[PDB]
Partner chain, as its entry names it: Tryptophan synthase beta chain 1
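Just one chain is shown here, as structure tokens, and it is the form solved without the partner chain.
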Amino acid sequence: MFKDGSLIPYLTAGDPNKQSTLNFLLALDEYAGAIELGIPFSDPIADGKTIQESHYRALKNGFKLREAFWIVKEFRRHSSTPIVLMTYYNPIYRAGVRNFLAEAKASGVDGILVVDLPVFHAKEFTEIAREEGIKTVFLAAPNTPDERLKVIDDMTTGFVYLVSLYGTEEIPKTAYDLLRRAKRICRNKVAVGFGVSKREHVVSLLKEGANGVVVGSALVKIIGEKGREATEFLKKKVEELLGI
């Protein structure tokens, strides 16, 4: 879905507010190869500390499941940059999968990542998304075996998203191991969410096969620091991670 060597900015929808998220996105596009928009949820038991707090914030500031599409609808008015919507199953299962997928397709969403998709509903979900034109994005952690990575790759139409609860300040060997294993198995391109925070992390991961490097934590960190005034600090951090 994105060019090799891509830096993939991740932001939580509505942190601090929807209009502000849109501002940050339009401010990081020039560096992005793709954008990942998260939908805040009550129990983000899969995310790390920093990102869990962005959800806690978004929800505090009054967020609604459909404020995310607005962010995308408006972003499109200026960019074609592929957009992947990140979410927990709950929101989708409540509003209706096909209903949710179709609506995202209308606002401009290209693909979607469901962090905790029940294997019991994975099949139907992938088929529906396909009918609706939404490329799928599946996740894998360091405790994912080669055999599941293969199953994941065969279902994936967008790209495989490798993560690490670990954190860092260096990328843990377990995450590196996961990357190597993924490149050796996945036919789809892969992006890594290993919580980068240093220019040496980006250089190293791209060098090791990561088709794309996601950058969330390091941005959400700043966002939860400067709020609306995060913009400029976001660009300097991105440039740092680029060495520019």
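Residue numbers count along the first chain shown, from 1.
Although it is not shown, the form deposited with the partner chain bound is what the next lines describe.
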{"query": "Partner-contacting position among 116, 103, 153, 74 - heavy atom within 4.5 Å of the partner chain in the entry with it bound", "finding": "116"}
{"query": "Candidate stretches 41-49, 204-212, 28-36, 190-198, one within 4.5 Å of the partner chain in the entry with it bound by heavy atom", "finding": "41-49"}
{"query": "Residue 145: touches the partner chain in the entry with it bound, heavy atom cutoff 4.5 angstroms", "finding": "yes"}
{"query": "Residue contact check: residue 97 to the partner chain in the entry with it bound, 4.5 Å heavy atom", "finding": "no"}
{"query": "Residue 112, heavy atom within 4.5 angstroms of the partner chain in the entry with it bound", "finding": "no"}
{"query": "Residue 107, heavy atom within 4.5 angstroms of the partner chain in the entry with it bound", "finding": "no"}
{"query": "Site test, 173, 222 and 238 vs the partner chain in the entry with it bound, non-hydrogen atom cutoff 4.5 Å", "finding": "no"}
